[PDB]
Amino acid sequence: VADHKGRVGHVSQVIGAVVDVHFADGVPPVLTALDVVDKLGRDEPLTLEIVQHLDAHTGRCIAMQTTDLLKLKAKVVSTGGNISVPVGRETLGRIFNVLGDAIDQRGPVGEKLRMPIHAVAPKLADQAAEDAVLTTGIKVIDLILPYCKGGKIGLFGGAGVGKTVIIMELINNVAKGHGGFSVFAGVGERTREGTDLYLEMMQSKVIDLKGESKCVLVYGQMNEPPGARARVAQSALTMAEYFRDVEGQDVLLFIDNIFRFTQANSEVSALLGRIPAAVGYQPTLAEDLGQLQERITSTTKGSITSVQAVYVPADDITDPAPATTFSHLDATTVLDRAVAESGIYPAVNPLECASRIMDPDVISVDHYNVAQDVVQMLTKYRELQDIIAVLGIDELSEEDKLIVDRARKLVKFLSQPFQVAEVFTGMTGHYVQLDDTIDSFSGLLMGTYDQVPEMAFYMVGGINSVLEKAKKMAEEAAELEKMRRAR
Amino acid sequence: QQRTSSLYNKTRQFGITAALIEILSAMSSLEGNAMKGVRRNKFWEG
Amino acid sequence: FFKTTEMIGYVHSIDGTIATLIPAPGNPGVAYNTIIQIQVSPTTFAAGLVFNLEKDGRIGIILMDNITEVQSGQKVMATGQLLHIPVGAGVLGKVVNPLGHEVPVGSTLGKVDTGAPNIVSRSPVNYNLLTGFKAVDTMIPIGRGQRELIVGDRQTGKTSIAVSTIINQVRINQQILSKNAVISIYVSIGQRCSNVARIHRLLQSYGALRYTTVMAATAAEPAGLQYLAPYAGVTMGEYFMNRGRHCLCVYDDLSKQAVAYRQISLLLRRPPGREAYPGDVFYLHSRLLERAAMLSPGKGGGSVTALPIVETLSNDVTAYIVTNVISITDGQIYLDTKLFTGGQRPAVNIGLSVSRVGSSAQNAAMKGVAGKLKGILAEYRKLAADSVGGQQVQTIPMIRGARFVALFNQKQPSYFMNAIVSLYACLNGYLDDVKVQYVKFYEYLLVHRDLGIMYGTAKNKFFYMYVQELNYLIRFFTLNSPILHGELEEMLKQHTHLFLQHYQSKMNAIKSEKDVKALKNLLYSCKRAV
Ligand SMILES: Nc1ncnc2c1ncn2[C@@H]1O[C@H](COP(=O)(O)OP(=O)(O)OP(=O)(O)O)[C@@H](O)[C@H]1O
Ligand SMILES: Nc1ncnc2c1ncn2[C@@H]1O[C@H](COP(=O)(O)OP(=O)(O)O)[C@@H](O)[C@H]1O
Ligand SMILES: [Mg+2]
Ligand SMILES: [Mg+2]
């Protein structure tokens, strides 16, 4: 029973997206891919993946397509192994699905090698220590929670807080000039967003159809059944792992959304005969996510800079799925709906974010000191807000009024217009250099800009943009005064 | 403060009870679907 | 490699990391909670643990390794023995698996499930275990054999405190006899392999691997492997306890072990309880933590100090697991997110922190200082609670409470002599004329410098801060003793006078654009230097 290629089986049960197959010669190994060879008048092929063994002959599987028109006793033939996905530089510029089939209607893809989507994560000895700041061009991220090259990043947030826009900005800022390759994995998200990303990448020449592309797209979206949304991430990660190991390149991995993988597993768990856990997720929520996360890492051969967007259901950051992902990241960016409602974008809550490289040994001493001072001032301002609400600003001491003013300027100075949200904002975006951000915030902390109007720090870039906006505000105010004077 | 604390205690108790009832209902549904098959034992040997 | 005895059955079903077996011909029996080997190949085996013995003859197994190689219909062999892991002085400085296998990095055997010492085999907790932090060592004493809970939110310093406590023992073990040396055991549960590697590098940097062993059950490992990590860790630590030696066990963290146990129970169809956890979660954690004790002098006098770590969501201490762990341990060290972001590090919330052992786990000198420090801090908190929205009154209790809160800020663990001397200096009012911003610089000069020697004014014969061997003299003779009290006061007075005359005077006269930045950088550096 070593080589199970071509082994015949029959469908014994069909309940939703879970199908049971009976093999007279013994169920193949778990995670094996099966093809429904029977002609059922279907418009799309049906493929199943073995997830459990009920006995020595029966095996419970999950379908990757809709199980419509599926009859009992339908003939099923094993594929001889797990689901395989094409790898190599020939996949650059193309769009794939969970099964690794091109869906961009751009002709056959020349594949020299294929790899299974299920692989063992790197061991402890295969861990590389890479502590290098990654400049994203965003004031808040660069200052409070700097990103590290080859590390794991998480964008936690609810619905509509701006997770996708931040991913688009990170792409535009890091991937266009990236030395290596990129891999975007769309998991259980809107299909129109995938089309927009594809068009933007083609316009930005990241995907050069006539020339050479430098990114791969793997899409399993909401319309897809839960089987495909639980393995599209594995397929994309397999491509990234190949680029890391065989090509030895530095690869970027964008995942949006990683929560859908957990959601798909929970949806299928009920039909697999597993008692739900708390909230209602599958009992294997922690291990299933951990196995995938441990594969997304930088080893001694290459490095993967992973950016993952995490969805927080109903803004409940204590929900088990968001809560289980914090320990698997090197830099967490927590978005808040309250900040967004106040007109501050990106709606980052600096008091809830954290970074591993926020240490004097990794980053410069000035950067660490400025970040800590900003965080302390924001915390003090949050404390003073209650007193202001009860007593009032007039009742505070002069020592506290200065802190309040500086904290308000800091809060408005953290906002930045992105180059990808021009339609949303109607203004050109800014790319702030790391040194410029540090210098601007250091000057603001010590009161070098106490006389600058507060609104001059709202939706601008470096300090020069602040001064230009202040000059424009002064000019318009003078014009208004002149108009009033004539009246 | 007293009113909110009472509401907080009441809400947490109700939430725990509801979650436990939901889990037990799912478990009972799983158990019910299970069917006892024919026993392959020497019934005569008794 | 476990030695097998005979076949017991065949693999029937596989549900992730949980498998069920069926009886072999003749219905041979397998002892409960024993190790079994699954013949996944002619030359390889996959470890498993017996968890259920059904009436019909089926056996519930928990797969521990090589799960990808397990298939239905395979042959299962039974060992008939409980889990035993290698233990001894030959394991220190190595990363080990909960099954006893060594994990490559870039003497005897011990049962993983053993009963805790009985009532007559224990002794009161009197020997202290210094964590190296002034706040913990003063307000939340920890004694050898105690079970102290490190409870807090994500990214608050839970792991840092335990790692610093482990590292703080390196400088002590090198000086005193190995009899009183503290051997650490860091247990990583459900963490990343990268974090384990970083912790290993950090321990090796300070030379703590010589006295420490790491047991890692990282993510991507089966839940069964993560379910046994604390038990294997204590088993490694219990070897030193039963031989008149002292051990320190750290669990990072019990929050994930509970999840792994819940997964194992649910996948094996056991009655779920509150938050879907089984009915044995409290028993699991209790029998884990109860194995940390302080043996009586008639059994060698060894001990195991437990430092379980627990993560709370949104500062919710009403969770099922958090409440269970709090009800078992002897006190807690609560870490507050607001304090951590406000600058206080370690962000120990003294209000919500407690040590049920009390002053019994403190040294004579530390106890004497703490007796007054606790009262001063309590009075300072009371006074501050009534001046949130008004100008404060600079009374003696507040003038010293501010300095005490300022001194508790530190990055690395502090040597006992330095910490106790600084606390004594602040307690007697030697920092009344020192601004709160310059307290860290004052402490750094006191510890790493000597103003009296610098200006040729020191008159003390032996009491100098550069004599690091005075620590044990201070421990034997309290600071409030005629042997050391006179010279201690003389040195403190001279240091305070010289500081106020030379350094703070220049600090108050800083008027420039670069000198201010230089002073700010110096103060920040001194904040994390002592
Ligand atoms: N006493 C301290 N002084 C300064 N920085 C500290 C201190 N303790 C911890 N930190 C820093 O705070 C951050 C969080 O610390 P740590 O890793 O111990 O958190 P944790 O409680 O283990 O959280 P997690 O859930 O990530 O494990 C790190 O950057 C660490 O270096
Ligand atoms: N940088 C930004 N500037 C302005 N509006 C933004 C920005 N980021 C997000 N938004 C708002 O959010 C919408 C996009 O939400 P999105 O990024 O898809 O969030 P998510 O994926 O978390 O639900 C925009 O139409 C706009 O209303
Ligand atoms: Mg989105
Ligand atoms: Mg930790």
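No Cβ is skipped: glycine too gets one built from the backbone with ideal geometry, and neighbour counts run over all protein chains shown. We did not get these values from a lab; they are worked out from the coordinates using the rules stated.
Quick grid of which residues meet (1) more than 16 Å from ligand 3 (Cβ to nearest atom); (2) out of contact with any helix residue (DSSP H, G or I) (no Cβ under 8 Å at 6 or more places or on another chain); (3) within 14 Å of chain C (Cβ to nearest Cβ); (4) not basic (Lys, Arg):
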{"position": "A:352", "(1), (2), (3), (4)": "yes, yes, yes, yes"}
{"position": "A:371", "(1), (2), (3), (4)": "yes, no, yes, yes"}
{"position": "A:379", "(1), (2), (3), (4)": "yes, no, yes, yes"}
{"position": "A:418", "(1), (2), (3), (4)": "no, no, no, yes"}
{"position": "A:425", "(1), (2), (3), (4)": "yes, yes, no, yes"}
**Request:** For the range C:151-183, name all the residues that are of a type in the set (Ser, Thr, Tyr), within 16 Å of ligand 4 (Cβ to nearest atom) and more than 14 Å from chain A (Cβ to nearest Cβ).
**Result:** C:164, C:165
**Request:** Keeping to the range A:389-421, report how many residues are farther than 24 Å from residue A:359 by Cα and either more than 38 Å from the chain's Cα centre (by Cα) or aromatic (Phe, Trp, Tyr) (or both).
**Result:** 14
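Could you tell me which residue of the range C:145-157 is farthest from ligand 1 (Cβ to nearest atom), considering only residues that are of a type outside the set (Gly, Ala, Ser) and surrounded by fewer than 24 Cβ atoms within 10 Å (Cβ to Cβ)?
Here the residue is C:153.
Is the range A:352-368 home to any residue that is of a type in the set (S, T, N, Q), in contact with a strand residue (DSSP E or B) (Cβ under 8 Å, 6 or more places away or on another chain), part of a helix (DSSP H, G or I) and within 16 Å of ligand 4 (Cβ to nearest atom)?
no
List the helices (runs of 4 or more DSSP H) that sit entirely inside the range A:142-250 and contain at least 2 residues that are within 16 Å of ligand 1 (Cβ to nearest atom), under 19 Å from the mean Cα position of the chain (by Cα) and under 28 Å from residue A:345 (Cβ atoms). Give the steps one after another, and end with the answer.
Numbers: elements: A:163-170, A:191-203, A:226-229, A:232-245.
The helices (runs of 4 or more DSSP H) meeting that bar number zero.
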**Item:** Hits in the range A:314-329 - residues which are at the interface with chain C (Cβ under 8 Å from one of its Cβ atoms) and not polar (S, T, N, Q)
**Value:** A:317, A:323, A:326, A:328
**Request:** Spot the failing condition for residue A:286; the list is (1) more than 7 Å from chain C (Cβ to nearest Cβ); (2) under 15 Å from residue A:260 (Cα atoms), and only one is missed.
**Result:** (1)
**Request:** Specify the residue that is farthest from ligand 1 (Cβ to nearest atom); the eligible residues are those in the range A:294-329 that are part of a helix (DSSP H, G or I) and touching a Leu at 6+ places or on another chain (Cβ under 9 Å).
**Result:** A:295
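Do we have residue A:337 as surrounded by fewer than 19 Cβ atoms within 10 Å (Cβ to Cβ), basic (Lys, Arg), away from chain C (no Cβ under 11 Å) and within 16 Å of ligand 3 (Cβ to nearest atom) here?
yes
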**Yes/no for residue A:86 being within 13 Å of chain C (Cβ to nearest Cβ), surrounded by 19 or more Cβ atoms within 10 Å (Cβ to Cβ), more than 20 Å from the chain's Cα centre (by Cα) and more than 16 Å from ligand 2 (Cβ to nearest atom)** = no
**Message:** Let me confirm something: among C:196, C:136, which residue is within 21 Å of the chain's Cα centre (by Cα), buried (at least 19 other Cβ atoms within 10 Å of the Cβ), within 14 Å of another protein chain (Cβ to nearest Cβ) and in a helix (DSSP H, G or I)?
**Reply:** C:196
**Prompt:** If you check every pair at least six apart or on different chains, which have Cβ atoms under 6 Å apart with a residue in the range C:391-413 that is among the charged types (D, E, K, R) first and a residue that is more than 16 Å from ligand 4 (Cβ to nearest atom) second?
**Reply:** C:400/C:376; C:403/C:426; C:403/C:431; C:403/C:439; C:411/C:528
**Message:** under 30 Å from residue A:26 (Cβ atoms), hydroxyl-bearing (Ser, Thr, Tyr) and either part of a helix (DSSP H, G or I) or away from ligand 3 (no atom under 16 Å from the Cβ) (or both): is that true of residue A:67 in this structure?
**Reply:** yes
**Item:** Complete set of residues in the range C:321-359 that are of a type outside the set (A, V, I, L, M), within 14 Å of another protein chain (Cβ to nearest Cβ) and buried (at least 17 other Cβ atoms within 10 Å of the Cβ)
**Value:** C:336, C:337, C:340, C:341, C:342, C:344, C:345
**Message:** Which numbered condition in (1) surrounded by fewer than 17 Cβ atoms within 10 Å (Cβ to Cβ); (2) within 14 Å of chain C (Cβ to nearest Cβ) is the only one that residue A:177 fails?
**Reply:** (2)
**Asked** Pairs, please: C-beta under 6 Å, at least 6 apart or cross-chain, first residue within 12 Å of another protein chain (Cβ to nearest Cβ) and in the range A:258-275, second surrounded by 23 or more Cβ atoms within 10 Å (Cβ to Cβ) and assigned to a helix (DSSP H, G or I)?
**Response** A:275/C:266
**Asked** Quick check: anything in the range A:231-243 basic (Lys, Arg), out of contact with any strand residue (DSSP E or B) (no Cβ under 6 Å at 6 or more places or on another chain) and under 22 Å from residue C:193 (Cα atoms)?
**Response** no
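Report yes if residue C:163 is among the aliphatic types (A, V, I, L, M), away from ligand 1 (no atom under 16 Å from the Cβ) and either in contact with a helix residue (DSSP H, G or I) (Cβ under 7 Å, 6 or more places away or on another chain) or assigned to a loop (DSSP other than H, G, I, E, B) (or both), otherwise no.
No, not satisfied.
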**Asked** Taking residue A:40, is it surrounded by 20 or more Cβ atoms within 10 Å (Cβ to Cβ) and either away from chain C (no Cβ under 13 Å) or not small (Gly, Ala, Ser) (or both)?
**Response** no
**Every residue from the range C:303-320 that is of a type in the set (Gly, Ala, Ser) and buried (at least 24 other Cβ atoms within 10 Å of the Cβ)** = C:303, C:306
**Fill in**
Checking B:36, B:10 in turn, the sole residue that is in a loop (DSSP other than H, G, I, E, B) and either over 26 Å from residue A:274 (Cβ atoms) or out of contact with any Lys or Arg (no Cβ under 8 Å at 6 or more places or on another chain) (or both) turns out to be B:36
**Asked** Looking at A:339, A:334, A:268, which is the one that is within 16 Å of ligand 2 (Cβ to nearest atom) and either in contact with a strand residue (DSSP E or B) (Cβ under 6 Å, 6 or more places away or on another chain) or within 21 Å of residue C:194 (Cβ to Cβ) (or both)?
**Response** A:334
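Every residue, every condition in (1) over 27 Å from the mean Cα position of the chain (by Cα); (2) more than 29 Å from residue C:477 (Cβ to Cβ); (3) aliphatic (A, V, I, L, M); (4) within 16 Å of ligand 3 (Cβ to nearest atom), yes or no:
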{"position": "C:328", "(1), (2), (3), (4)": "no, yes, yes, no"}
{"position": "C:343", "(1), (2), (3), (4)": "no, yes, no, no"}
{"position": "C:370", "(1), (2), (3), (4)": "no, no, yes, no"}
{"position": "C:385", "(1), (2), (3), (4)": "yes, yes, yes, no"}
